[PDB]
Amino acid sequence: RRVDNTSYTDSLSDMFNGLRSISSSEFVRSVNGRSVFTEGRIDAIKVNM
Amino acid sequence: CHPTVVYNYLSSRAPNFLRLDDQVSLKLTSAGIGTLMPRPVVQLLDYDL
């Protein structure tokens with residue numbers, strides 16, 4: 001589908017963008033030597049293939 | 001008519017189990033303002049003759 005003046009997207013991609021991106025950094029987060037994960041849970045698309 | 005139209009026509013004609021080739025679809029759907037192309041028509045004759 002047409003998004004704006006010069007760009008298009010596609011229902012699958014369009015759905016992928018709807019996901020929250022968790023900074024690379026936040027994954028390797030650590031506190032006093034122990035890795036910790038303060039972030040929530042990873043928004044994801046489940047593909048039953 | 002505008003290419004967009006051609007797409008909608010050809011693509012809705014696609015019989016069961018088929019789709020209009022991509023590249024064709026894209027070139028047609030990507031056309032901008034002011035572009036035009038001939039209307040597709042189904043040519044049927046008067047067999048009885």
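Residues numbered from 1 in each chain as written, not as in the entry; some residues may be left out. Chains lettered and ligands numbered in written order. Part of a larger assembly, values for the part shown. Heavy atoms only, no water.

For this coordinate set, the PDB header names X-ray crystallography as the determination method and states a resolution of 3.5 Å.

Comments concerning the overall build of chain B
When helices and strands are tallied, chain B shows two helices and zero strands. Projected onto its principal axes, the C-alpha positions of chain B cover 45 × 30 × 15 Å. Here chain B holds 49 residues, and the buried ones make up 12% of them. The contacts in chain B between residues at least 6 apart in sequence include a share of 70% that link residues at least 24 apart. As displayed, chain B offers around 4500 Å² of accessible surface, 60% of which is attributable to carbon and sulfur atoms. Counting 4 positive and 4 negative side-chain charges, chain B places the averaged centre of each group 12 Å from the other. (Helix = DSSP H or I, 4+ residues; strand = E, 2+ residues; numbered from the N terminus. Buried < 20%, exposed > 50% of the residue type's maximum accessible area, 1.4 Å probe, protein only. Contact = heavy atoms within 4.5 Å. Areas by Shrake-Rupley, 256 points an atom, 1.4 Å probe, with all protein chains shown as cover. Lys, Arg positive; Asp, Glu negative; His and termini not counted. Charge placed at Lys NZ, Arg CZ, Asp CG, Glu CD.)

As for the layout of surface pockets
There is about 400 Å³ of room inside the largest pocket. A:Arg1, A:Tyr8, B:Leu26, B:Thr29 and B:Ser30 are the residues nearest the centre of the largest pocket, which is lined by 16 residues in total. For the lining of the largest pocket, the element with the highest residue contribution is helix α2 (residues 22-30) of chain B, accounting for five residues. The class makeup of the residues in the lining of the largest pocket is three nonpolar, seven polar and six charged. (1 Å grid on protein atoms, 1.4 Å probe; cavity = no way out; pocket = protein on both sides within 12 Å on 5 of 7 lines; lining within 4 Å. Points joined across faces, edges and corners; volume = space filled by probe spheres on them. Nonpolar A, V, L, I, M, F, W, Y, C, P; charged D, E, K, R; others polar.)

Considerations on unusual backbone geometry
We note that A:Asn32 has phi near 60°; this positive angle belongs to a residue other than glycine. The residue A:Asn32 is located in the loop between β1 (30-31) and β2 (34-35) in this model. In this structure, B:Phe17 is a non-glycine residue whose phi angle is positive, near 80°. Within the secondary structure layout, B:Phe17 lies in the loop between α1 (3-13) and α2.

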